[PDB]
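Chains as they are written, first to last, in the authors' numbering: chain F, 43 to 179; chain E, 43 to 179; chain A, 40 to 179. Data block below; observations after.
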C-alpha cells in the first residue's frame, strides 16, 4: 500500500503563504507518493483518499494548514495558542486530479513569519516538522 | 478499507459527560464507519479492531476519553495540563457488538465544562476538534 | 485477507525516566498479526517480520523533554521529538524499516535537558489518563 514519511531537522523560517520544507525522506512505499528532499512539495499520482498527519515545533504560536493544489483542505488547518508547544494535526483529503500537490502552508500565523525549532526540550536534534501520509482509497 | 474523518470548526462548550459534536464530515470510505453532521456520534457497523485518533483545542486544560457505547475505552483517555494546548491521543480498540457508537466525552475535566477554541495562533479558522479512525482487523 | 500487523501499547503511571532509559508500558491494547509483541511492564516492542512500520507515540510529562524512537539501541532517523513547554504533550509520528529480525523498538529519554523525566497520568482532570503510548502498524 502507498505510504510516505518526510521530516525536517532545521530551524527554517516560513513566511505567511509559504510552505514547510522537508530536508529528509523517511521510508516511502508504493509509487503514488513522492517528494524531493529540500522542497515542501509532496506529489500525489493516484486518485482516491489520503490520510496525512503533520507535526511542527515552532518558537511562537502559529497557524498552519495542509493545502492541496494551493488551496486549503477542509479540516486541514491547526493552530497552537502556546509558544514552544507542538502544532499537530491529522486530516484526510480526496485527490480528484493527478498529479496533485500537498503542501503545509503558514496560513496566517498572527506573528507573521514562523521559525521552527529543532532543539526543544533536549540537547539533541529534533524533528522540527514532519508529514506522515498514506492512501485509504 | 474503512476510514472516517470528521472535524469541528466551532467554539462549542462541552459539559462533563457530554460528547464533542462535529459539524463537518471529511472523507469517509467503506461501510463500517459513518457519522451524521452535527452530532458527536460515529457509528460502527462492522465488528473488528479500530484505530482512532482525536485532536482537541480548548481554552484551558482538559481531560477527554474516547468512549464506546457510553463506556470509556481502555487507553482512550488523554489530558493536557496547559491552556490553549492540544489534547491529542491515539487508541485502538475492539468492537464486539454492532451497531456501536464512538464518542469523545469530557471525562472528566477539572474546570468542568470545556469550551473549545477555533482561533488559536492565527487569524483564520482552525479545526477545534477532530477524529481519524480506520479498521485494522 | 487480513494479515495486517498492528499493535497498541500504553501506560497509565507516573513513571520516572532517567536519561537513557525507556518508557515502559503497563498495558497491552489490541494486537493483530504475528509481527509485533510486547511484554507489559517493559518498554520493548519486538518486531519479528522484516519490513516498514509506522510508529506513533504520545507522552505527557511534568517538564519539557526530548525522547526518540530507537531500534536495536540506535535512534531512528526522524524519530526524535521534543517539546519546550512543561505539562504539554510530546507527540511524534515516524516510519522506519526493519532490516533484521528480531528487532526491538523502544522510546528513550534521548537527553531531555532537565535530566530525569516523570510522566503525568492526571493532567487536566480527576480521572487516570494515558501518560504514554505507542501505536504501530506495518506498511511494507
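Yeah, the Cβ is synthetic: ideal placement off N, Cα and C, and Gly gets one too.
The C-beta distance from residue 103/E to residue 152/E rounds to 7 Å, short enough to meet the 8 Å contact threshold. Membership of residue 108/A in the beta strand (DSSP E) is indicated by the continuous run 104 to 110. Only buried fits residue 69/F, as 16 or more other CB atoms lie within 10 angstroms of its CB.
If the five residues before and after residue 81/A are omitted, its C-beta is found closer than 7 Å to the C-beta atoms of 63, all from its own chain and listed in chain order. Flagged as an interface residue toward chain A: residue 91/E, by a C-beta distance shorter than 8 Å. Residues of chain A with a Cβ closer than 7 Å to the Cβ of residue 53/E do not exist; the shortest Cβ-Cβ separation is about 18 Å. Counting only residues of its own chain and dropping the five nearest sequence neighbours on each side, residue 134/A has a CB closer than 6 Å to the CB of 93.
Excluding the 5 residues flanking it on each side, residue 130/E has same chain C-beta neighbours closer than 6 Å at 97, in chain order. Rounded to the nearest whole angstrom, the C-alpha separation of residue 164/F and residue 120/F is 25 Å.
With contacts defined as CB atoms closer than 8 Å, residue 105/F and residue 158/E fail to qualify as a contacting pair. Within the region 92 to 106 of chain F, 93, 103, 104, 105 place their CB atoms closer than 7 Å to a CB of chain E, listed in sequence order. Contact check for residue 111/F against residue 143/F passes: the beta carbons are separated by less than 8 Å. Using a CB distance cut-off of 8 Å, residue 171/A does not count as an interface residue toward chain F.
In this structure, the beta-carbon distance from residue 168/F to residue 160/F falls below 8 Å. Chain-order list of chain A residues neighbouring residue 133/E: 47, 49, 68, 169, 172, 174, by C-beta distance under 8 Å. A distance below 8 Å separates the beta carbons of residue 66/E and residue 117/F.
Using a CB distance below 7 Å, the part of the region 113 to 132 of chain A facing chain E consists of 124, 126, 127, 128, 130, ordered along the chain. CA-CA distance, residue 41/A to residue 57/F, rounds to 45 Å. Secondary-structure assignment with DSSP links residue 93/E through a beta bridge to 134/E, 176/E. Scanning chain E for C-beta atoms nearer than 9 Å to the C-beta of residue 159/A yields 121, 123, reported in chain order. Cβ neighbours of residue 124/E within its own chain (closer than 7 Å, five residues either side excluded): 103. Annotated three-state conformation of residue 115/F is strand, per DSSP.
Taken through DSSP and simplified to helix, strand or coil, residue 69/A comes out as strand. Straight-line spacing of the CA atoms in residue 127/F and residue 89/A works out to 35 Å. Non-local C-beta neighbours of residue 107/E in its own chain, meaning closer than 6 Å and more than five positions away in sequence, comprise 114, 118, 119, 147, 149, ordered along the chain. Between residue 79/A and residue 75/F, the alpha-carbon positions lie close to 36 Å from each other. Taking a beta-carbon distance threshold of 8 Å, residue 163/E does not count as an interface residue toward chain A. In the same chain as residue 136/A, and ignoring 5 residues on each side of it, the C-beta atoms closer than 6 Å to its own belong to 91, in chain order.
The three-state reading of DSSP puts residue 74/E in coil, since its state is none of H, G, I, E or B. The beta carbon of residue 139/F does not come within 8 Å of any beta carbon belonging to chain E, so the residue lies off that interface. Looking at the DSSP output, residue 129/A bridges to 98/A. Here the C-alpha atom of residue 179/F lies approximately 21 Å from the C-alpha atom of residue 132/A.
With contacts defined as CB atoms closer than 8 Å, residue 100/E and residue 173/E fail to qualify as a contacting pair. Judged by their CB atoms, residue 86/E and residue 77/E are not nearer to each other than the 8 Å cut-off.
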